[PDB]
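*Asks:* Before I ask anything, here's the sequence and the deposited coordinates:
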Amino acid sequence: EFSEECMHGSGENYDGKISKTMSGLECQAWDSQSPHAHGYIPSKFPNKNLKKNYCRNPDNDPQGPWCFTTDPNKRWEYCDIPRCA
Ligand SMILES: NCCCCCC(=O)O
């Protein structure tokens, strides 16, 4: 069965487990506020699937999923999620 290996379009419905940015940084967890404080709180929009530190696209960015990063000097970065054929 399908296991979230790719995203449809820009990934508003992506629910896979990639947790590293394009440059290879580990993502910050959505339920954490350090190193970056933010307002993408999982409980505020459960259907946005903001789980663990997985790359997601909760602001409908046309470039696709991203995460806050664990680098204290890089707030966020896109991830490399392949688009489904
Ligand atoms: N469009 C991807 C980055 C969105 C970052 C929003 C923020 O700084 O809280």
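*Replies:* All right, it came through fine. Numbering: from 1, shown residues only.

*Asks:* How many neighbouring residues does residue 41 have?
*Replies:* 13 (other Cβ atoms under 10 Å). C-beta here means a position set from N, CA and C on the backbone, and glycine is covered the same way.

*Asks:* This structure against the ligand: which residues are in contact?
*Replies:* Neighbours of the ligand within the chain, by Cβ under 6 Å from any ligand atom: 38, 59, 61, 66, 75, 76.

*Asks:* ok, the last one - contacts?
*Replies:* Spelled out, it's residue 76. 36, 66, 67, 68, 69 (Cβ atoms under 8 Å, 6 or more residues apart in numbering).

*Asks:* Determine which two of those residues are furthest apart.
*Replies:* 36 and 66 (11.9 Å; Cβ to Cβ).

*Asks:* These two: who's more crowded?
*Replies:* Neighbour count, other Cβ under 10 Å: between residue 36 and residue 66, residue 66 has more, with 21 against 16.

*Asks:* Would you mind measuring from that one to residue 9?
*Replies:* Computed as Cβ to Cβ, to the nearest Å, the residue 66 to residue 9 distance reads 15 Å.

*Asks:* Same check on residue 63?
*Replies:* 11 Å.

*Asks:* Same drill for those two, tell me which one is more crowded.
*Replies:* Using other Cβ under 10 Å as the criterion, residue 63 and residue 9 rank with residue 9 on top: 12 against 9.

*Asks:* Would you agree that one falls within a strand?
*Replies:* No - looking at residue 9 with DSSP: H, G, I helix; E, B strand; the rest coil, it is coil, so not inside a strand.
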